[PDB]
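Report on one structure; see the data block that follows.
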Amino acid sequence: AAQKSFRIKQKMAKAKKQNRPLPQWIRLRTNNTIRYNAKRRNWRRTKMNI
Amino acid sequence: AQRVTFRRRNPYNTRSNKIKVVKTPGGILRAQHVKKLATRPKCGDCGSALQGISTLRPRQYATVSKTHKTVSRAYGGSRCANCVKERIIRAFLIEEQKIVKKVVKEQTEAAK
Amino acid sequence: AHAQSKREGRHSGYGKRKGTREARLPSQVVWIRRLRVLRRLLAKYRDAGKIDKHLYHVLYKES
Amino acid sequence: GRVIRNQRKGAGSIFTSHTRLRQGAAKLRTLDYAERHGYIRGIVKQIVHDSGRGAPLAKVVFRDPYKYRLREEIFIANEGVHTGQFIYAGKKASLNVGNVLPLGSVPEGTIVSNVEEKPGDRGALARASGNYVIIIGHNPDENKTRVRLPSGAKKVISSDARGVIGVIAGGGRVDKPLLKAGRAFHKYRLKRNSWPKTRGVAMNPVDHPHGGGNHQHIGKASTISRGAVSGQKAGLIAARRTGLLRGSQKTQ
Amino acid sequence: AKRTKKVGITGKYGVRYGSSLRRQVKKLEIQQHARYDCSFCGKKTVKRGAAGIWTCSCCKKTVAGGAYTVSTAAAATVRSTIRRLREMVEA
Amino acid sequence: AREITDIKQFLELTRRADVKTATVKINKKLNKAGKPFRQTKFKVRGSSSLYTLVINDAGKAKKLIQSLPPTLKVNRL
RNA sequence: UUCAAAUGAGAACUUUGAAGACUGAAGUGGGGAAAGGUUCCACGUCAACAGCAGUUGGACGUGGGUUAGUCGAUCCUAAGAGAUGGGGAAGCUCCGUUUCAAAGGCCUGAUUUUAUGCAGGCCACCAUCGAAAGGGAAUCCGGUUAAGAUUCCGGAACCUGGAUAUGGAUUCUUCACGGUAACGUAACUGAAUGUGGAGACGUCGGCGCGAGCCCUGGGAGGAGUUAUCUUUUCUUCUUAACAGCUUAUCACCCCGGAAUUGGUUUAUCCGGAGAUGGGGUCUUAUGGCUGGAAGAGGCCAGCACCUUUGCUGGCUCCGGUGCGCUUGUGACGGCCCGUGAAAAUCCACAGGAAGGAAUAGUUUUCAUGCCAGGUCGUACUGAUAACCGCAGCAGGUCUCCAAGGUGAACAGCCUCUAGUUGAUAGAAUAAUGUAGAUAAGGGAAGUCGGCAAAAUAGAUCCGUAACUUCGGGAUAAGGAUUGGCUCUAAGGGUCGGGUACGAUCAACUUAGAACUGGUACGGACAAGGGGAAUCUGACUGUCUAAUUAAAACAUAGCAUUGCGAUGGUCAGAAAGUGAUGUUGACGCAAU
RNA sequence: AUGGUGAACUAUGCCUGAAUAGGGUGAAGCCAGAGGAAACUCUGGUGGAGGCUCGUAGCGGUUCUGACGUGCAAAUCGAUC
Ligand SMILES: [Mg+2]
Ligand SMILES: [Mg+2]
Ligand SMILES: [Mg+2]
Ligand SMILES: [Mg+2]
Ligand SMILES: [Mg+2]
Ligand SMILES: [Mg+2]
Ligand SMILES: [Mg+2]
Ligand SMILES: [Mg+2]
Ligand SMILES: [Mg+2]
Ligand SMILES: [Mg+2]
Ligand SMILES: [Mg+2]
Ligand SMILES: [Mg+2]
Ligand SMILES: [Mg+2]
Ligand SMILES: [Mg+2]
Ligand SMILES: [Mg+2]
Ligand SMILES: [Mg+2]
Ligand SMILES: [Mg+2]
Ligand SMILES: [Mg+2]
Ligand SMILES: [Mg+2]
Ligand SMILES: [Mg+2]
Ligand SMILES: [Mg+2]
Ligand SMILES: [Mg+2]
Ligand SMILES: [Mg+2]
Ligand SMILES: [Mg+2]
Ligand SMILES: [Mg+2]
Ligand SMILES: [Mg+2]
Ligand SMILES: [Mg+2]
Ligand SMILES: [Mg+2]
Ligand SMILES: [Mg+2]
Ligand SMILES: [Mg+2]
Ligand SMILES: [Mg+2]
Ligand SMILES: [Mg+2]
Ligand SMILES: [Mg+2]
Ligand SMILES: [Mg+2]
Ligand SMILES: [Mg+2]
Ligand SMILES: [Mg+2]
Ligand SMILES: [Mg+2]
Ligand SMILES: [Mg+2]
Ligand SMILES: [Mg+2]
Ligand SMILES: [Mg+2]
Ligand SMILES: [Mg+2]
Ligand SMILES: [Mg+2]
Ligand SMILES: [Mg+2]
Ligand SMILES: [Mg+2]
Ligand SMILES: [Mg+2]
Ligand SMILES: [Mg+2]
Ligand SMILES: [Mg+2]
Ligand SMILES: [Mg+2]
Ligand SMILES: [Mg+2]
Ligand SMILES: [Mg+2]
Ligand SMILES: [Mg+2]
Ligand SMILES: [Mg+2]
Ligand SMILES: [Mg+2]
Ligand SMILES: [Mg+2]
Ligand SMILES: [Mg+2]
Ligand SMILES: [Mg+2]
Ligand SMILES: [Mg+2]
Ligand SMILES: [Mg+2]
Ligand SMILES: [Mg+2]
Ligand SMILES: [Mg+2]
Ligand SMILES: [Mg+2]
Ligand SMILES: [Mg+2]
Ligand SMILES: [Mg+2]
Ligand SMILES: [Mg+2]
Ligand SMILES: [Mg+2]
Ligand SMILES: [Mg+2]
Ligand SMILES: [Mg+2]
Ligand SMILES: [Mg+2]
Ligand SMILES: [Mg+2]
Ligand SMILES: [Mg+2]
Ligand SMILES: [Mg+2]
Ligand SMILES: [Mg+2]
Ligand SMILES: [Mg+2]
Ligand SMILES: [Mg+2]
Ligand SMILES: [Mg+2]
Ligand SMILES: [Mg+2]
Ligand SMILES: [Mg+2]
Ligand SMILES: [Mg+2]
Ligand SMILES: [Mg+2]
Ligand SMILES: [Mg+2]
Ligand SMILES: [Mg+2]
Ligand SMILES: [Mg+2]
Ligand SMILES: [Mg+2]
Ligand SMILES: [Mg+2]
Ligand SMILES: [Mg+2]
Ligand SMILES: [Mg+2]
Ligand SMILES: [Mg+2]
Ligand SMILES: [Mg+2]
Ligand SMILES: [Mg+2]
Ligand SMILES: [Mg+2]
Ligand SMILES: [Mg+2]
Ligand SMILES: [Mg+2]
Ligand SMILES: [Mg+2]
Ligand SMILES: [Mg+2]
Ligand SMILES: [Mg+2]
Ligand SMILES: [Mg+2]
Ligand SMILES: [Mg+2]
Ligand SMILES: [Mg+2]
Ligand SMILES: [Mg+2]
Ligand SMILES: [Zn+2]
């Protein structure tokens, strides 16, 4: 890093949008079943493997 | 006491990464990157730095009035003049001897 | 205050001396000075005629 | 067992020549019209060091007679040849050190180097720091010429085959003790990866015909047949005699 | 004042390699570093530069020569043999 | 980036087609050793270089400032 | 580590002030490469997480933030990789990379149906990928942000492409003059084709000079100490790219003609192939003064007021020193069976096809002028918490910058600047520990074994054996000396001398002599135990990462073998296939 | 047994880069001088040689058969080297 390829900037940027908690309004829909976000990620817990 | 950092992302000490510490109007020390040095062009005959000709890294010779890249003589910016001297002398003399070689063996054929 | 006292030949005895004589002042450095100075004297006396060339040239090679 | 060392060198991986610094390949001029009906002049613009070579190369430039332009060849410098010198290449060319002549035209006794095997293979015989060949006779009908090589082996090649007058430079190179490991180190540095050499006797059986045992010993005869198969041939291959050479050498 | 009874330039090698070997080198080293007479301009300015190559300080001529010395004994006989043989061809 | 001294060449600069604006500068300085004196630099700005003409004489400056084209944009100090 | 304040339900742990310390410029400072990917910054904020805690965080929630013609990429080529005409292979695919190939595109001319067919002449180079440390067009300084900056703001530049118009230069001797010459210059035409240079190159050594740093005098400022003493201690006093003029060791030219040989480096080279001498010519590394540019920056004092925050004055000057340190660089010298890349790219010259003036032509390598410069990366960590080791792991992980003292020193030890003060805490100090020490008399009696420990140590002088490959053995061994202070002597630079000496300036070295002390003084730090033999390996060098470092491997040296290419040796399933081979017996291969 | 994936560790070659305080020794070459009938021999300097030596960084890994041995660590830590 520190001087990256646009391919990698993307995945990096895509991964930044996926790093939010559940939108709580979803919690309210009929039959809704998703308690929490089970696909979250931390920079110092799981590495992206590029 | 005042120390200093490279100004480019390259962190290693190479020929294209030479530094030069400098005092700015700000009163601070600062690195300045220094282009590699120019070397003098040379005689393609004797081999010396050929005098009268200016010296700058090659592409910089295209940003320069034509006089900086020449001297005003036969074979000007290209051979060292004592070289030109030589190849004039040898030219004359060998062209002359050519005459002495011809008419002499023009006699051989007639006296044989 | 100290450095001054140094200037007066102080604190320079065998006791306060940890590097060798050579390291403190390289033999060669001493030489090169001396010879540069003999050399430079000759050129003076000769550049004035105080001494002639034939004598100079002997001194040079002797120096 | 493991593939033994000498087998591995053929697949040429970490073995291949160290090529990079080398003036180019040394060669005679192509065998054109000029050089086989007359002769042609050029100047040695430079004699220089080839890397991994014993003998100095010789940059020698000529005119191209079929286009206005210079064409430079690369010669191995015979002894005593010098920059600025004129060099002659051709059947009808005078016989002084440095010139290249067909072996048909040199009186016997002539000493020559970098000689062609077939004519026009641009040099191929005695090119090494010191060596040369001696023309020991001619046979006009079926124009052959007989020469002695540096090996002492006598050979007969065609007379049109060229070779150059004189001996190769760098004489006596092998006379100086290498002296230490580093010198050979730097010797082979610019040749190929063949040094240092472990002894097959110091390895285990997996590694070599000689390997293993509770003492270091070849354990069977080290003179190995010609017909011997890959992975067997290590030691004195095809050895017809063996032991310290008593008495004079020199091919009778 | 004489510094070494015998080892000469070979005195760099200290105690190593064995006397005999130092001798063989020394002989050849004295040959290679030595300064030589120029056939062309006549000053003793020919000095070596990598095995085989001999070049004049001034006048800048370069001769190809022996590995450690300028003229191989061999080569020089060869110079003469060719002399001889050449001569026959004109006369 | 360029210095000028010809007080005729100067004038013509200030009438060049591309020379839009210019500025006049005033430093107190000192003379030889004894005393001070008022210096004045006449900077003209071309499309690719700032020519500046130092006039060390107070008198010459007062007359020069009037020679300036009235269509020129002068920045005083 | 400590005291206090503030904050908060709550404070050993957060913020702030104070105190004590630490890292000590080979950093716990300032930045980067790889790797991470938002951790960067702000606000909110503690359920989990940070092996005590928590009001704090690299955690949680929510947002904000990475600006380029000039920095990189992009282009170039390196080892190598790899399509294609081919040839192998049942086939996936293997070979080959210019090789058994009909391999392709530039300049302007021919058009004035017209847009671009043919007319010359070339040129045979025949993919492409491969470097964010190699090659390479061009930018700096000041200011600015919560967080960006050689990227924004401000000022000043430069490069490349494209357009071109005025000025100048040039020509009736058409394609300039000048200089004896080296060569000068604001210019001063030049197709094909050829040729030359630059790109472009090892390492060590001393010596010369540059820059930054270090040291230091005077003056102008601000600060510190002042029982006492000190014209004191500390600190500010700066000048970018770019441009003009000027500046060089080297090299070369002109004059002249050398034994009584001279010139000359620290280092012994130079000259009748023209020295010493005199006079000139060039390279512009580097430096000087001016432009930039004092308006900036830096230091102060003197007025204003919730504010944005101003407003007004000043000063920013002159020098010294050198085996200093770091780096840059030149002229040289040593070394080699080692002689220490390539291409893109830029210029020059040889050539002279051609085009071009007097009623007006040629000229854009002189000046000035106009338009344009895309795409992607730009945050931050770089480590005793941002990377890899299951982790905020005593491990690992490529590099630049570098102050004062002591000392030989980039050592150790103390300090300035900057940064830390993180590592659960409290009370006691039993046994046994781990780590650090001392011990009367004896001195290895301990033990497999002096294991461990002790002893030694710097520097100056004196003194030094067998043996030896004559180079060593050697710091052999053995000795003496060493502080403080006070003096003496030796060692240098710069100037004017008709064609003997005078005058001043600035240095630590080295030897000596007094006095002095609870006989101490390399006073901490730092720093070799020696000796006589046997065995074994010659030596330096190498290995079992994680129980073996050795006498084992290597080595030079010695010797033996194979081979002249239709070949030795070795690779492959094959082959119009491959290593040795850019090779040739002073060689390659095999012991 | 068949078919696949690895040289981010490590082994070795190539290509292109980068890195190493201060000391001791004093090899060729060079200058001046001394003796000697001669042949030749000596002294003082200068100079800076080496897979040389003292020793940091670096690289390594000898001993304590030291620490640790449910570790900081699936190889580390200390001193010594
Ligand atoms: Mg940066
Ligand atoms: Mg280097
Ligand atoms: Mg680069
Ligand atoms: Mg010129
Ligand atoms: Mg010039
Ligand atoms: Mg000396
Ligand atoms: Mg002097
Ligand atoms: Mg002399
Ligand atoms: Mg190859
Ligand atoms: Mg090897
Ligand atoms: Mg071996
Ligand atoms: Mg062997
Ligand atoms: Mg074994
Ligand atoms: Mg077997
Ligand atoms: Mg067998
Ligand atoms: Mg065996
Ligand atoms: Mg045996
Ligand atoms: Mg605490
Ligand atoms: Mg606090
Ligand atoms: Mg401290
Ligand atoms: Mg240190
Ligand atoms: Mg820390
Ligand atoms: Mg990270
Ligand atoms: Mg975020
Ligand atoms: Mg933060
Ligand atoms: Mg809680
Ligand atoms: Mg955590
Ligand atoms: Mg906790
Ligand atoms: Mg808790
Ligand atoms: Mg967040
Ligand atoms: Mg650039
Ligand atoms: Mg691009
Ligand atoms: Mg292929
Ligand atoms: Mg490419
Ligand atoms: Mg690059
Ligand atoms: Mg800034
Ligand atoms: Mg912003
Ligand atoms: Mg920043
Ligand atoms: Mg701007
Ligand atoms: Mg502007
Ligand atoms: Mg342009
Ligand atoms: Mg003119
Ligand atoms: Mg070319
Ligand atoms: Mg070239
Ligand atoms: Mg290079
Ligand atoms: Mg200061
Ligand atoms: Mg610049
Ligand atoms: Mg002169
Ligand atoms: Mg003159
Ligand atoms: Mg000196
Ligand atoms: Mg450095
Ligand atoms: Mg060389
Ligand atoms: Mg050029
Ligand atoms: Mg122009
Ligand atoms: Mg385009
Ligand atoms: Mg940044
Ligand atoms: Mg950073
Ligand atoms: Mg951190
Ligand atoms: Mg991690
Ligand atoms: Mg993981
Ligand atoms: Mg860790
Ligand atoms: Mg930090
Ligand atoms: Mg702990
Ligand atoms: Mg406790
Ligand atoms: Mg006791
Ligand atoms: Mg006793
Ligand atoms: Mg006893
Ligand atoms: Mg006992
Ligand atoms: Mg025992
Ligand atoms: Mg016993
Ligand atoms: Mg012990
Ligand atoms: Mg004791
Ligand atoms: Mg012995
Ligand atoms: Mg002994
Ligand atoms: Mg005393
Ligand atoms: Mg005195
Ligand atoms: Mg005096
Ligand atoms: Mg050994
Ligand atoms: Mg092991
Ligand atoms: Mg194992
Ligand atoms: Mg060992
Ligand atoms: Mg071990
Ligand atoms: Mg033997
Ligand atoms: Mg076939
Ligand atoms: Mg690797
Ligand atoms: Mg060193
Ligand atoms: Mg020492
Ligand atoms: Mg050393
Ligand atoms: Mg006498
Ligand atoms: Mg040395
Ligand atoms: Mg060594
Ligand atoms: Mg050692
Ligand atoms: Mg030491
Ligand atoms: Mg270590
Ligand atoms: Mg090692
Ligand atoms: Mg250990
Ligand atoms: Mg243990
Ligand atoms: Mg335990
Ligand atoms: Mg050590
Ligand atoms: Zn010569």
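As shown in the structure tokens, the chain order sets the letters A, B, ...; within each chain, residues go from 1, and ligands are also counted from 1 in the order they appear.
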As a quick test: using only C-alpha atoms (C1' of nucleotides) and all ligand atoms, which residues lie no more than 10 Å away from ligand 65? Give them as a VMD selection string. chain G and resid 439 to 443
Could you list the protein, DNA and RNA residues that have any atom within 9 Å of ligand 24, counting only C-alpha atoms (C1' of nucleotides) and all ligand atoms, and write them as a VMD selection string? (chain A and resid 16 to 17 19 to 20) or (chain G and resid 38 62 to 63)
Please identify the residues whose atoms come within 10 Å of ligand 80, using only C-alpha atoms (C1' of nucleotides) and all ligand atoms, and report them as a PyMOL selection string. chain G and resi 544-546
Up to 9 Å from chain H, what residues of chain D turn up? Count only C-alpha atoms (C1' of nucleotides) and give them as a PyMOL selection string. chain D and resi 13-16+18+180-183+192-193
Would you list which chain A residues are within 10 Å of chain G using only C-alpha atoms (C1' of nucleotides), as a PyMOL selection string? chain A and resi 1-9+11-13+15-16+20-21+43-45+47-48+50
Kindly determine which residues of chain B lie within 12 Å of chain E, considering only C-alpha atoms, and give the answer as a PyMOL selection string. chain B and resi 45-48
Contacts of residue C:56 at 10 Å (only C-alpha atoms (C1' of nucleotides); same-chain gap of 2+ positions) as an MDAnalysis selection string: chainID C and resid 39 42:43 45:46 51:54 58:63
Surrounding residues as a VMD selection string, ligand 64, max 9 Å, only C-alpha atoms (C1' of nucleotides) and all ligand atoms: chain G and resid 424 to 426
Contacts of residue D:50 at 10 Å (only C-alpha atoms (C1' of nucleotides); same-chain gap of 4+ positions) as a list in words: residues 21, 22, 23, 24, 25, 26, 54, 55, 56, 57, 58 and 76 of chain D; 339 and 582 of chain G
May I have the selected residues written with N, CA and C atoms (P, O5', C5', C4', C3', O3' and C1' of nucleotides), as a PDB file, in the first residue's frame?
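Generated output (result14.pdb):
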ATOM      1  N   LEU D  21      28.527  -9.838 -19.645  1.00  0.00           N
ATOM      2  CA  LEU D  21      29.487  -8.753 -19.814  1.00  0.00           C
ATOM      3  C   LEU D  21      30.392  -8.933 -21.029  1.00  0.00           C
ATOM      4  N   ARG D  22      29.957  -9.716 -21.991  1.00  0.00           N
ATOM      5  CA  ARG D  22      30.955 -10.271 -22.867  1.00  0.00           C
ATOM      6  C   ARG D  22      30.919  -9.622 -24.210  1.00  0.00           C
ATOM      7  N   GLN D  23      32.008  -8.971 -24.587  1.00  0.00           N
ATOM      8  CA  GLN D  23      32.096  -8.182 -25.813  1.00  0.00           C
ATOM      9  C   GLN D  23      31.261  -8.638 -27.039  1.00  0.00           C
ATOM     10  N   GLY D  24      30.783  -9.871 -27.013  1.00  0.00           N
ATOM     11  CA  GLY D  24      30.085 -10.428 -28.146  1.00  0.00           C
ATOM     12  C   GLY D  24      30.882 -11.657 -28.491  1.00  0.00           C
ATOM     13  N   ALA D  25      30.406 -12.436 -29.463  1.00  0.00           N
ATOM     14  CA  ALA D  25      31.174 -13.572 -29.977  1.00  0.00           C
ATOM     15  C   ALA D  25      32.311 -13.183 -30.946  1.00  0.00           C
ATOM     16  N   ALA D  26      33.496 -13.718 -30.682  1.00  0.00           N
ATOM     17  CA  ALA D  26      34.657 -13.538 -31.549  1.00  0.00           C
ATOM     18  C   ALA D  26      34.448 -14.319 -32.841  1.00  0.00           C
ATOM     19  N   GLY D  54      40.423 -15.542 -21.564  1.00  0.00           N
ATOM     20  CA  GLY D  54      41.789 -15.403 -21.134  1.00  0.00           C
ATOM     21  C   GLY D  54      42.477 -14.331 -21.928  1.00  0.00           C
ATOM     22  N   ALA D  55      42.137 -14.310 -23.211  1.00  0.00           N
ATOM     23  CA  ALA D  55      42.861 -13.599 -24.249  1.00  0.00           C
ATOM     24  C   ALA D  55      42.134 -12.332 -24.655  1.00  0.00           C
ATOM     25  N   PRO D  56      42.875 -11.302 -25.023  1.00  0.00           N
ATOM     26  CA  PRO D  56      42.191 -10.040 -25.325  1.00  0.00           C
ATOM     27  C   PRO D  56      41.448 -10.064 -26.641  1.00  0.00           C
ATOM     28  N   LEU D  57      40.250  -9.525 -26.719  1.00  0.00           N
ATOM     29  CA  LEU D  57      39.628  -9.412 -28.031  1.00  0.00           C
ATOM     30  C   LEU D  57      40.219  -8.238 -28.826  1.00  0.00           C
ATOM     31  N   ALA D  58      39.887  -8.165 -30.113  1.00  0.00           N
ATOM     32  CA  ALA D  58      40.378  -7.085 -30.965  1.00  0.00           C
ATOM     33  C   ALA D  58      39.275  -6.522 -31.850  1.00  0.00           C
ATOM     34  N   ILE D  76      39.808 -12.189 -31.861  1.00  0.00           N
ATOM     35  CA  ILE D  76      40.730 -12.480 -30.771  1.00  0.00           C
ATOM     36  C   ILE D  76      42.114 -11.981 -31.178  1.00  0.00           C
TER      37      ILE D  76
ATOM     38  P     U G 339      35.950  -9.221 -15.323  1.00  0.00           P
ATOM     39  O5'   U G 339      36.636  -7.812 -15.536  1.00  0.00           O
ATOM     40  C5'   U G 339      36.301  -6.749 -14.649  1.00  0.00           C
ATOM     41  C4'   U G 339      36.721  -5.395 -15.159  1.00  0.00           C
ATOM     42  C3'   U G 339      36.829  -5.281 -16.664  1.00  0.00           C
ATOM     43  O3'   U G 339      36.520  -3.948 -17.011  1.00  0.00           O
ATOM     44  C1'   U G 339      38.927  -4.829 -15.708  1.00  0.00           C
ATOM     45  P     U G 582      26.238 -18.638 -26.012  1.00  0.00           P
ATOM     46  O5'   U G 582      27.504 -17.766 -26.386  1.00  0.00           O
ATOM     47  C5'   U G 582      28.192 -17.980 -27.601  1.00  0.00           C
ATOM     48  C4'   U G 582      29.178 -16.881 -27.825  1.00  0.00           C
ATOM     49  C3'   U G 582      30.343 -16.831 -26.836  1.00  0.00           C
ATOM     50  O3'   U G 582      31.507 -16.319 -27.490  1.00  0.00           O
ATOM     51  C1'   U G 582      29.045 -14.875 -26.641  1.00  0.00           C
TER      52        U G 582
END
At a cut-off of 8 Å and counting only C-alpha atoms (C1' of nucleotides) and all ligand atoms, what residues surround ligand 82? Please answer as a PyMOL selection string. (chain G and resi 547-549) or (chain H and resi 61-62)
DSSP-assigned alpha helix (DSSP H) among stretch 25-243 of chain D, expressed as a compact mmCIF listing (two decimals) with N, CA and C atoms, in the first residue's frame:
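Final output, saved to out_15.txt:
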# COMPACT_ATOMS: atom_id res chain seq x y z
N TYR D 33 33.16 -12.44 -51.36
CA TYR D 33 33.93 -12.15 -52.57
C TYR D 33 35.34 -11.62 -52.37
N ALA D 34 35.45 -10.53 -51.63
CA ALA D 34 36.74 -9.92 -51.44
C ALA D 34 37.70 -10.96 -50.92
N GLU D 35 37.37 -11.54 -49.77
CA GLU D 35 38.31 -12.34 -48.99
C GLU D 35 38.74 -13.63 -49.64
N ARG D 36 38.05 -14.04 -50.69
CA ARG D 36 38.44 -15.25 -51.38
C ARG D 36 38.77 -15.03 -52.88
N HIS D 37 38.88 -13.78 -53.32
CA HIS D 37 39.43 -13.50 -54.64
C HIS D 37 40.61 -12.56 -54.52
N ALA D 181 41.41 -19.24 -2.44
CA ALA D 181 40.05 -19.56 -2.86
C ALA D 181 39.38 -18.39 -3.66
N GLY D 182 39.39 -17.19 -3.10
CA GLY D 182 38.80 -16.06 -3.79
C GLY D 182 39.19 -15.88 -5.26
N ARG D 183 40.41 -16.22 -5.65
CA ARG D 183 40.81 -15.90 -7.01
C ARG D 183 40.07 -16.79 -7.98
N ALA D 184 39.92 -18.05 -7.59
CA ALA D 184 39.16 -18.97 -8.40
C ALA D 184 37.71 -18.60 -8.25
N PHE D 185 37.35 -18.13 -7.05
CA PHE D 185 35.99 -17.64 -6.86
C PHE D 185 35.65 -16.63 -7.93
N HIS D 186 36.50 -15.60 -8.05
CA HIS D 186 36.28 -14.53 -9.00
C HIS D 186 36.57 -15.03 -10.41
N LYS D 187 37.39 -16.07 -10.52
CA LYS D 187 37.57 -16.71 -11.82
C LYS D 187 36.23 -17.23 -12.32
N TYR D 188 35.62 -18.14 -11.58
CA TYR D 188 34.42 -18.74 -12.10
C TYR D 188 33.23 -17.80 -12.02
N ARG D 189 33.30 -16.78 -11.18
CA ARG D 189 32.21 -15.80 -11.10
C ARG D 189 31.71 -15.39 -12.46
Counting only C-alpha atoms (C1' of nucleotides) and all ligand atoms, what are the residues, protein, DNA or RNA alike, that approach ligand 73 to within 12 Å? I want them as an MDAnalysis selection string. chainID G and resid 466:468 473 532:534
